[PDB]
Amino acid sequence: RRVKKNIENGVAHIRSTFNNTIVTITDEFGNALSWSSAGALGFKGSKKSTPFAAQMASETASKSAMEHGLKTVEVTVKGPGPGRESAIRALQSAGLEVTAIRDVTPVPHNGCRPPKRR
RNA sequence: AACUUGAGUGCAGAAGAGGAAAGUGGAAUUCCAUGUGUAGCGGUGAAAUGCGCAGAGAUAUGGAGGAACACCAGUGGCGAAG
């Protein structure tokens, strides 16, 4: 009645940064059902940056997504991390049917000034 | 004192991020407001300060302002250089 959204279609946003991978999964209108951050499975340091943490994060996001009720999601990957391609195969291998890869990484049109390099 | 080649005007054409002033646009960063939602986010080689249970990050819809103009974009162009 509040969180058991029986909906056939959804979308999964994979914030795949360089030292985390947050896999949230939601409906079409963006109201979030659940996430799984890669630091919420006990991975610390550069263990979040491994694709195994993104793989297990897509597994434990898809468990809560399928108990809320989802059968087909689209995917929106965001970020140049390492766990971009492994997380969609972990989402497909956990029972959800991934259809569209609409990659939305935010590119400015020479917008704000970037941070200084190392 | 003549001449027309140098130089300059005319006529017919040509291209250009050349300059100044004003207006409009879209993406992105940040902040604020709201909806969803739970325990982390960010960071490093390693962790900590920092933010977050007053509900942060993530996502969605807006609003605010400021700065710079992805692709085009090229040993391309323009300007005396900057």
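Positions of Cβ are generated from backbone atoms using ideal geometry, with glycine treated the same way; all protein chains shown enter the neighbour counts. Read-outs throughout are calculated quantities, based only on the coordinates presented, and are distinct from any laboratory measurement.
Data table
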| read-out | value |
| --- | --- |
| Residue check for residue A:107: more than 9 Å from RNA strand B (Cβ to nearest atom), among the β-branched types (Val, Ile, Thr) and farther than 11 Å from residue A:21 by Cβ | no |
| Residue that is nearest to RNA strand B (Cβ to nearest atom) [pool: residues in the stretch A:51-75 that are surrounded by fewer than 17 Cβ atoms within 10 Å (Cβ to Cβ) and not in a helix (DSSP H, G or I)] | A:74 |
| Criterion violated by residue A:112 - all others in (1) on the phi < 0 side of the Ramachandran plot; (2) more than 7 Å from RNA strand B (Cβ to nearest atom) satisfied | (2) |
| Some residue of the stretch A:4-20 being near RNA strand B (Cβ under 8 Å from one of its atoms), within 12 Å of residue A:51 (Cα to Cα) and over 13 Å from the mean Cα position of the chain (by Cα) | yes |
| Contacts under 6 angstrom Cβ, first residue in the stretch A:15-35 being within 15 Å of residue A:59 (Cβ to Cβ), partner assigned to a loop (DSSP other than H, G, I, E, B) and near RNA strand B (Cβ under 6 Å from one of its atoms), 6 or more apart | A:22/A:37 |
| Residue ID - surrounded by the fewest Cβ atoms within 10 Å (Cβ to Cβ), chosen from residues in the stretch A:29-42 that are hydrophobic (A, V, I, L, M, F, W, C) and farther than 13 Å from residue A:81 by Cβ | A:29 |
| The stretch A:29-47, residues that are assigned to a loop (DSSP other than H, G, I, E, B), more than 26 Å from residue A:5 (Cα to Cα) and within 6 Å of RNA strand B (Cβ to nearest atom) | A:44 |
